[PDB]
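Take a look at this single chain, the form deposited in one PDB entry, given in structure tokens.
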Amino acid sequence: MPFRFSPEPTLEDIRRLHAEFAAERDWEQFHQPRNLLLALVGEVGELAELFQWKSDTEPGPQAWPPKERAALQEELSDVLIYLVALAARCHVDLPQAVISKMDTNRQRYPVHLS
């Protein structure tokens, strides 16, 4: 059956939700770009830890037990939240940056040359 993401939240929605979250706790002061980047690195580490002893040939994440699927959802989400916060703190329009990068990707890797 086709796998799709839900239509919401959008990246702007996530930015907005995280900013409201941080602002309520007076955490803006901690959200300097290098702080957010190191926090991102920490969550990428937590993501890697889930996969480190999983063989490639055995069943994949669809088959993991419920607690491990929950942990996977959480870590993928933590990476995304910090990425969004970082992009916003740097005044980068992340959705449009992705459009521009995908165009660059198509030129670097034209279909006929692969």
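For clarity, a rigid core is taken as the largest C-alpha set superposing within 1.5 Å between two forms. Start at 1 with the first residue shown and count on from there.
J.: When the C-alpha temperature factors are averaged for each of 26 to 34 and 69 to 77, which stretch ends up with the higher value in the entry?
T.: Stretch with the higher mean C-alpha B-factor: 26 to 34.
J.: Give the stretch, out of 101 to 109 and 10 to 18, with the larger mean C-alpha temperature factor in the deposited entry.
T.: The deposited B-factors put 101 to 109 ahead on the C-alpha mean.
Absent from the display: the form deposited in another entry. The rest refers to it.
J.: Is there a C-alpha shift of 2 Å or more at residue 77 between the shown form and the other one once the rigid core is superposed?
T.: It does not, since the residue 77 C-alpha is displaced less than 2 Å between the shown form and the other one after the core fit.
J.: Once you line up the core, how about residue 27: does its CA shift reach 2 Å between the shown form and the other one?
T.: It does shift by 2 Å or more.
J.: Quick one: residue 95 and residue 28 C-alpha atoms, closer or farther in the other form compared with this form (3 angstroms or more)?
T.: Relative to the displayed form, residue 95 and residue 28 move farther apart in the other form - a change of at least 3 Å between their C-alphas.
J.: Out of closer and farther, which fits the Cα atoms of residue 30 and residue 22 in the other form compared with this form, where the change is 3 Å or more?
T.: It is closer: the C-alpha separation of residue 30 and residue 22 falls by at least 3 Å in the other form.
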